[PDB]
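Below, in structure tokens: the form deposited in one PDB entry, a single chain.
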């Protein structure tokens, strides 16, 4: 009965800030005024983005930003709290552009967390920025820290948590404490960079917003749903990077927690987080996209799914050929590979040759243009039903999405999410979650409850035997076992209590 978080990103490029206006779409497509009172009430958090970490290793705005303008935009955002007292205006630091391994400011992130001094300096700048511009929390989107930088990242977060908590007291914000969150990897590959230390990373956070989308892209040889909730056996599968993380577990432990290959879905990412001890479901937030990814050069037979394609994976778009027919915004953004739900909705009702299909295993829609060989994977009010029920059933913290300017003018995707969680007249008790493939891995954090005869010191056990000891149920991996679980590596912990 705790309200589910609804975290929407508000992204505005510097040039739009420096020329902000709420009366001319050509310049500021999505002004703050578009976030009507109705919308502000369906949100719990708005992640204003993005800020960066400069060469000075402190949190800061983009140099070219006109400060007076920024503050005004921000103040328009915080002003929305007048409509919803639980609304928090967070500010996000990073994003793919600034922080990816090959990003412009990548070094600043690496160095910012290098030592206690840099950390305290960084942390202190985060809180200073928060207080100065009037934000309600700090969101850090480093995509992503690598194994050796993790301890620093972790220490930085703890530092930020300390300062924020102190600030909540100083500001008498007990009823709406300052918060700390991060955008987390939503796919095993990037997740494997810090997966072994999830517990420590999540400890200082109110939420970890999983970017459970972009699970398919033009950088992938076979077209696929970018945010399948569940797996489709007919779809591609992937190498389970997590089994290569520095977990220090045994072959048996790794194999049971990380089947491979596997289906790269939203369910897999959530379950992968829940497999680790100390990672509470309530802190896990499911990210969903308000845009679709388009591919060209697909062949028929499966409605464009799981087909080879001829889409360029480079960034920026290495071409001037805007082939996503009907997509006007794609021209405005010089990229036919991404389209907002808003634009997609228009394309569908526009007789452009697109046919909306539904994959009942993944529980997600897609578009197929038989004439031109196009495929678009995206989410909508229908896929969100399943994702919302999954969030409630799995007792997750809520939902996050990128980004507000991609919802249609009526704000339907946001309203759908709010409805599924809060409408007294909405009933999904009979909504069928389907037979799509579930992630079946088992780890220390999601061991099933079992019962077994207590271990008897000095007893010899055959292979496959089960016993209880030190709070867990154990099974032998082979025969003639003469020692106790934990002291004899012939036992596999398979249950709890």
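Numbering follows the first chain given and starts at 1. Definition used throughout: the rigid core is the maximal C-alpha set that superposes within 1.5 Å between two forms.
The form deposited in another entry exists for this protein as well; it is not shown, and the discussion that follows is about that form.
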property	result
Position with Cα shift of 2 Å or more, rigid core superposed between this form and the one not shown, options 49, 34, 468, 44	468
Rigid core superposition, residue 456 Cα moves 2 angstroms or more between this form and the one not shown	yes
Yes/no, residue 25 Cα shift of 2 Å or more between this form and the one not shown with rigid core fixed	no
Displaced residue check between this form and the one not shown: residue 446, CA, 2 Å or over, core reference	yes
